[PDB]
Every structure is written in structure tokens, then in C-alpha cells.
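Only one chain is shown below, in C-alpha cells, and it's the form deposited in one PDB entry.
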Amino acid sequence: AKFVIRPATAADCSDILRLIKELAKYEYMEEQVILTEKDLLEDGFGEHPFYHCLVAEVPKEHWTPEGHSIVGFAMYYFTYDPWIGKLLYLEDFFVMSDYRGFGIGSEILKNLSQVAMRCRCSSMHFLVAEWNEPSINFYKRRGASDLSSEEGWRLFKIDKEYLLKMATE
């Protein structure tokens, strides 16, 4: 199992979208990926980066059925807390099926931790679906706290439609 975890470059954006679309097809809710390869380039590889990705890369031998070298990714960005400052936020990660079980996910997790030490982050935040007890227990074994269950936080969103109203109300 030879792989490397490295930062994404602009040349990796096609691979990241491909994997985002495989993640979308994977996860149970049925939202569609509106995001384009150009969006990914603009938003991550333009001026101010709105996300950062780590990428899992394999050598020619282990390339996919369609000739791809990228088999996994993590997406993260930096957030802020008024009590304790800068935080690392983990948005998602995914490893392709035939490449699971070889320490990629774990190795991805290691490199995120290094991002958080480097960048002086006090915590790493992320969402886990309540129904996903294997992933919950996984993260608790690693020292995670469930802040929804401890402090009662619920995630809300106001959609573009209603923000339009409010921007003019």
C-alpha cells in the first residue's frame, strides 16, 4: 500500500470534483453537486483561499480503472471562536472504495492534526451525523467531544431566498 498525503494543487481540482461527486453518490441524502471545476479553482487557487484540500496520491501501479492517481481527499478551512481564537474546521473527507483499509484515512487524519499544530489552532471542529454510531465511536476513541449533546448546539441555515428578502426588507 504505497500512497502519499500531500497538499492539493490546481492540477488536482478535476480529481477533487470527481471525488466530491463520488462522495455525493455515496452519502445517503440526495443533493446534487452544483460546484464546477472552475469554482474549485477560483475558490481554492485564486487570491484568498476559501477552502484547503489534502490529497491522497498513489503511484502508476495502483492508478484507478480510468487512469487517476488521486484516490482520496480532505477538505478543510479555518474558523474563529470569540473565546479562544483560530480553529481548524474539517468539512469532509472521502477515500475511494477499492482503496479503503490501508491507512489512508488515518494518515489523512494525522496530516490535519499537523495543520492544526502548525497554524496554532486550539481545536478541530466537524459534523458527524447522529445515526452514524461507528463514526461517532471512532472519533470519541480519539478524544472527541459531542458538543451538540453536551451544550445543545443545533445547526441552522437561512437560504439565499430569505437572505435576499432581508438584504432588502
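Each form is matched to the other, and the largest set of C-alpha atoms that superpose within 1.5 Å is called the rigid core. Each residue number is its position in the shown sequence, starting from 1.
The next section is about a form of this same protein that is not shown, the form deposited in another entry.
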| query | finding |
| --- | --- |
| Shifted position (C-alpha, 2 Å or more, core held fixed) between this form and the one not shown, chosen from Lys38, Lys140, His62, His68 | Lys140 |
| Core-superposed comparison between this form and the one not shown, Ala11 Cα displacement 2 Å or beyond | no |
| In the other entry, whether the C-alpha atoms of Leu109 and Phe156 sit closer or farther than here (change of 3 Å or more) | farther |
